[PDB]
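> okay, here's the opening piece of the assembly, coordinates as they are in the complex:
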Amino acid sequence: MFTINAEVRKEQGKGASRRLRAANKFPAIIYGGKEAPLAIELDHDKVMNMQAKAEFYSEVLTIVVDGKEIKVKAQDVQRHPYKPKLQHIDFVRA
């Protein structure tokens, strides 16, 4: 089990996503199921540590947003081209 804390993104696009990656964060999206897709943003160093395990990309993860846990799986991740960093993560609702 991996428990990740998130916040709903108040704004999207290039300037916001660049500005989160400036402030040590990165966006992600939870989609799948019948629920509408949810645009979250994460702390980078926590998830970068958590993703080093294959358990991360195999198990079911719990995402806490507004105190509401969502059990997901890591569908796809966009990485930085030459730096050990994360751009964006897809989460499918398990």
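It's in. Numbers count the residues shown, from 1 in each chain, chains lettered A, B, ... in the order given.
> Dump the C-alpha coordinates for the longest helix along chain A into PDB.
Criterion DSSP state H: the longest helix present in chain A is helix A:14-22. Output of helix A:14-22 as PDB, limited to C-alpha atoms (Å, rounded to 0.1, in the frame of the first residue of the first chain):
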ATOM      1  CA  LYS A  14       1.400  25.200 -19.700                       C
ATOM      2  CA  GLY A  15       2.000  28.000 -17.300                       C
ATOM      3  CA  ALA A  16       0.500  26.200 -14.400                       C
ATOM      4  CA  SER A  17       2.200  23.000 -15.000                       C
ATOM      5  CA  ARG A  18       5.600  24.700 -15.500                       C
ATOM      6  CA  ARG A  19       4.900  26.600 -12.300                       C
ATOM      7  CA  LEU A  20       4.200  23.500 -10.300                       C
ATOM      8  CA  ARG A  21       7.300  21.800 -11.500                       C
ATOM      9  CA  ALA A  22       9.000  25.000 -10.400                       C
END
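> For that helix, buried residues please.
Buried positions in helix A:14-22, judged by neighbour count with 16 or more other CB atoms under 10 Å: A:17, A:20-21. In this view, the C-beta of every residue, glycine as well, is placed from N, C-alpha and C.
> Stretch A:73-84 now?
For stretch A:73-84, the neighbour count (16+ other CB under 10 Å) marks A:73-74, A:77 as buried.
> Leaving out chain neighbours, which residue sits closest to the residue positioned nearest the centre of chain A?
When CA atoms, centre = their mean is applied to chain A, the residue found nearest the centroid is residue A:28 (4.0 Å). Excluding the flanking residues, the one nearest residue A:28 by CB to CB, 6 or more residues apart in numbering is residue A:89, at 4.0 Å.
> include chain B too:
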Amino acid sequence: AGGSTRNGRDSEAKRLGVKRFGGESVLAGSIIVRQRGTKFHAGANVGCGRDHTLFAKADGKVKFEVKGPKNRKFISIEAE
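Putting chain B together with the chains above:
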């Protein structure tokens, strides 16, 4: 000192293209498109010339549209 070349040639620009665009009122006989092949095709009230030139047979607005199973591009004149 020395050298030469074999690649000096080129031809004159034939000024093809679309002379009147969509929603653009024309007179009868006005050239709409000059083109080599039938990159476009003649629809309603539009004739195709000897060199695949698309001209208006009547007066009105140009209508671009995609029809047919092959998704070919047709040019038609709406009435006006």
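> on that earlier part again, which of the helices or strands spans the residue nearest to the centre of chain A?
Here residue A:28 sits within strand A:25-31, counting by DSSP states H and E.
> and what of residue A:77?
strand A:68-79.
> Next: residue B:6.
Here residue B:6 is assigned to no helix or strand, by DSSP H and E.
> ditto for residue B:4
Applying DSSP H and E, one finds residue B:4 in no helix or strand.
> Centre of the chain to the helix or strand just after the strand holding residue A:77, how far?
Proceeding N to C from strand A:68-79, the next assigned helix or strand is strand A:86-93, under DSSP H and E. The chain centre lies 5 Å from the centre of strand A:86-93; the measure is CA atoms, centre = their mean, to the nearest Å.
> Strand A:86-93 pairs with which strands, and in what direction?
Under the criterion DSSP bridges, strand A:86-93 sits next to strand A:25-31 (parallel), strand A:68-79 (antiparallel) in its sheet.
> Turn those into a markdown table, columns for distance to residue A:53.
Formatted as a markdown table, these follow (distance: least, CB to CB, whole Å):
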| stretch | distance to residue A:53 |
| --- | --- |
| strand A:25-31 | 18 |
| strand A:68-79 | 11 |
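> So which of those is nearest residue A:58?
When these are compared by CB to CB, strand A:68-79 sits nearest residue A:58, at 8.3 Å.
> Only C-alpha atoms, please: export that closest one in CSV.
This file holds the C-alpha atoms of strand A:68-79, laid out as CSV (Å, rounded to 0.1, in the frame of the first residue of the first chain):
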residue,chain,number,x,y,z
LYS,A,68,-11.5,11.3,0.2
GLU,A,69,-9.4,8.2,-0.6
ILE,A,70,-9.5,6.9,-4.1
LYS,A,71,-8.0,3.5,-4.9
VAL,A,72,-6.2,3.6,-8.3
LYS,A,73,-3.4,2.0,-10.3
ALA,A,74,-0.6,3.7,-12.1
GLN,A,75,-1.6,3.6,-15.8
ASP,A,76,1.1,5.8,-17.4
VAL,A,77,3.8,8.2,-16.4
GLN,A,78,5.5,11.0,-18.4
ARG,A,79,9.1,11.4,-17.3
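> add chain C to the structure above, sequence below:
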Amino acid sequence: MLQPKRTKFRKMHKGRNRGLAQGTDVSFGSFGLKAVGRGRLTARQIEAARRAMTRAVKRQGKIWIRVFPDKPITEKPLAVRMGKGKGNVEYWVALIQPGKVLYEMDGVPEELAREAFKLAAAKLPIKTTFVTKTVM
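Take a look at chain C, now in place beside the chains above:
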């Protein structure tokens, strides 16, 4: 020395080398040598770094080369004025963007791949780094 057998055309424009790369992840092998900088390599630089890691592994394991030099580079001869046609094709390069994985390797330990890719990156003009395979 890598070189295309046939080409549709003998010469090519100089172009540019802007943008990010596509061959980013370690596809085939386990360890990779990823380019961080930007530039153009050659068949000599590629073959010299291949020799340095083949010898550093004592031909143990398997080495992939992800890049290939397909761009011809012309030069004009000495004491030739700037006109009178394009210069003669002299050598072949591969345009390298940041993020391009240059080489891959497996069948060896990690530390041996580190020291082999370090001996190879010492033969390369651009700045490189060491990468490993990743699930997803």
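> same question on the buried residues of helix A:14-22, but now with chain C added
By neighbour count with 16 or more other CB atoms under 10 Å in any protein chain shown, helix A:14-22 contains the buried residues A:17, A:20-21.
> Could I get those residues in a markdown table, plus columns for distance to residue C:96?
Below are the buried residues of helix A:14-22 laid out as a markdown table (distance: CB to CB, whole Å):
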| residue | distance to residue C:96 |
| --- | --- |
| A:17 | 27 |
| A:20 | 29 |
| A:21 | 24 |
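> Export those residues as TSV, with columns for distance to chain C.
Below are these laid out as TSV (distance: CB to the nearest CB, whole Å):
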residue	distance to chain C
A:17	16
A:20	19
A:21	15
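> So which of those residues is the closest to residue A:51?
Looking across these and measuring by CB to CB, the closest to residue A:51 is residue A:21, at 15.7 Å.
> Residue in chain C with the shortest distance to chain A?
Residue nearest to chain A within chain C: residue C:99 (3.0 Å; CB to the nearest CB).
> tell me the contacts of that residue?
Listed by CB atoms under 8 Å, 6 or more residues apart in numbering or on different chains, the contact set of residue C:99 reads A:81-82, C:20-24, C:34-36.
> wait, isn't residue C:134 in contact with residue C:24?
No. If you go by CB atoms under 8 Å, residue C:134 and residue C:24 don't touch, sitting 10.4 Å apart.
> Quick check: closest non-adjacent residue to the closest residue to chain C within chain A.
Across chain A, the shortest distance to chain C (CB to the nearest CB) belongs to residue A:81, at 3.0 Å. Of all residues not flanking residue A:81 in the chain, residue C:99 sits nearest, at 3.0 Å (CB to CB, 6 or more residues apart in numbering or on different chains).
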